[PDB]
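Here's the structure we're looking at; comments come further down.
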Number of protein chains: 2
Amino acid sequence: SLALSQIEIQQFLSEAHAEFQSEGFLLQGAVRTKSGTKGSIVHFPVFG
Amino acid sequence: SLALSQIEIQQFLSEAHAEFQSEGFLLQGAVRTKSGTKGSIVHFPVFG
């Protein structure tokens with residue numbers, strides 16, 4: 001019977017799509033970097 | 001000596017009485033139950 005269209009189902013996919021966005025870390029290593037630092041402030045001495 | 005009644009002990013039971021109430025699930029078996037469903041809406045197909 002064509003009445004089967006009354007009990008048609010819908011499928012929801014488990015693979016989600018994240019909206020196109022930047023993943024970041026684009027400027028990693030572009031500047032003088034100090035890793036594993038401790039303390040509230042890191043001081044860079046400068047001479048004229 | 002009858003003075004032993006001055007150090008009589010009292011026992012507190014560990015099996016607690018629950019004030020008279022329904023245990024629930026009375027209507028299970030009176031309706032058509034379907035376990036392990038998913039989603040916000042569940043559809044029951046019907047045939048003529």
Side-chain angles (χ1 to χ4, degrees):
Chain A
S1 174
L2 265 72
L4 288 177
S5 62
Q6 301 302 110
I7 50 161
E8 281 170 344
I9 75 171
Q10 285 152 266
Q11 178 166 78
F12 303 78
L13 297 182
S14 40
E15 178 186 343
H17 165 77
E19 282 173 346
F20 293 118
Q21 60 195 267
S22 173
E23 321 219 331
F25 296 120
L26 293 149
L27 305 188
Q28 207 158 234
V31 299
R32 172 181 177 190
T33 305
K34 201 74 193 29
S35 275
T37 67
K38 332 287 268 194
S40 58
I41 304 172
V42 177
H43 303 255
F44 294 77
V46 170
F47 279 80
Chain B
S1 147
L2 295 208
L4 282 173
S5 60
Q6 295 298 282
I7 47 159
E8 261 163 353
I9 77 168
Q10 296 158 37
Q11 200 205 44
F12 301 79
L13 293 179
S14 60
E15 188 170 85
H17 167 80
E19 310 220 295
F20 293 114
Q21 59 196 272
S22 180
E23 284 190 343
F25 302 115
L26 291 194
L27 294 187
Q28 282 211 298
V31 303
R32 186 190 152 190
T33 318
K34 268 282 319 156
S35 306
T37 60
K38 304 288 209 255
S40 56
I41 296 154
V42 175
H43 299 252
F44 291 77
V46 171
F47 274 75

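Convention: sequence-line order gives letters A, B, ...; per-chain numbering from 1.
Qualifying side-chain contact (heavy atoms from CB on, under 4.5 Å) partners for B/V42, counting only residues two or more places apart in sequence or in other chains: B/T37, B/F44. For A/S1, the side-chain contact (heavy atoms from CB on, under 4.5 Å) criterion is met by A/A3, not counting sequence neighbours. Under the side-chain contact (heavy atoms from CB on, under 4.5 Å) criterion, B/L4 pairs with B/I7, not counting sequence neighbours.
Atoms NE2 and CD, on B/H43 and A/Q10 in that order, are 7.0 Å from each other to the nearest 0.5 Å. Here the straight-line distance linking atom NE2 of B/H17 with atom CG of B/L13 works out to 13.0 Å at 0.5 Å rounding.
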Scan the side chains in residues 20-35 of chain B for donor-acceptor partners under 3.5 Å anywhere in the protein, sequence neighbours excluded, and list what turns up.
residue : atom : partner : partner atom : Å
B/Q21   : NE2  : B/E19   : O            : 2.8
B/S22   : OG   : B/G24   : N            : 3.3

